[PDB]
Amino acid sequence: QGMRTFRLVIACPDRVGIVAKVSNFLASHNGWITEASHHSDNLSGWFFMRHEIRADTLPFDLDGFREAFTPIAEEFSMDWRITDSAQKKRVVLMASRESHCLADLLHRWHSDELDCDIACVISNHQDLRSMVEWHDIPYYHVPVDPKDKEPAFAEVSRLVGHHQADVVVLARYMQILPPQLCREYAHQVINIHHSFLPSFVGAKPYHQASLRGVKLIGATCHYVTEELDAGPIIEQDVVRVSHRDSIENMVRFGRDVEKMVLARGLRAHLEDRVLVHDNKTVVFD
């Protein structure tokens, strides 16, 4: 149950023989499949698949499996990858002043639940340094001059680059990202937004929810794209509120939802379970 696996993730145009062709390849090579997920989107004519395969009994290393599988990938014009479960992804966390999401992720990492390397935390304030330095994770204070954002932008993108980041996570980071960053890290920048999108975009979404008098509020984990708050949704959830709940109390319930939803989305990402197509996700749980 604590065994090394390779994960094969595929999105491609639907073809009749893909399951046959991939299963023949895997079975003939003693691919012990521990997990297999499938989805067809008949309206766009696309197919999606994910396999977890025992590494030790497959007669390939990671590079050799990639090479051996390339002829099938090319035959079916696949968007694909193979990863090694024992190869930790490098995560960069970004945070401003709110600590709830950051502390949650750091606890999960510290307790060996969240399987990854936290490369560093970047922040526009000094507030969260102490909690981050307790974990012996580098903490970087990159303050943002609102009159001149280019130096802040450059230093963020340099630090991300230096740490060879595989994922950038905005744990309630409230400033504008360097515009190039989501272009270079396409579907690798994960945000937690504090409303149940597409409702209540913009500033103070709990205030907006209170004024509209909704009976449930929520949070949305999504990939960041060039268009504000419009990126592919990875996970959402909600919590019930009533007339009895002041804004302060809604914000407080919201923190718990934000924490949970970000954690679920990041882990799905880390485990190579999330695929993006037509600005939407398939999430193989």
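So that there is no doubt, residue numbering starts at 1 and follows the sequence shown.
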Mean C-alpha temperature factor, higher of 145-153 and 124-132 = 145-153
May I ask you to compare 199-207 and 176-184 by their mean CA B factor in the entry and name the higher one?
-> 176-184
Out of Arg212, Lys215, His193, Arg97, which one has a C-alpha B factor higher than all the others in the entry?
-> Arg97
Whose C-alpha has the highest temperature factor in the PDB entry: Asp256, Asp237, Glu227, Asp41?
-> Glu227
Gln1 - Cα temperature factor, lowest/middle/highest third of chain = highest
In terms of its chain's C-alpha B-factors, the third that includes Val168 is the middle
Comparing against every modelled residue in the chain, figure out the third that the C-alpha B-factor of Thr83 lands in (lowest, middle or highest).
-> lowest
By the entry's values, the third containing the CA B factor of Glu52 is the lowest
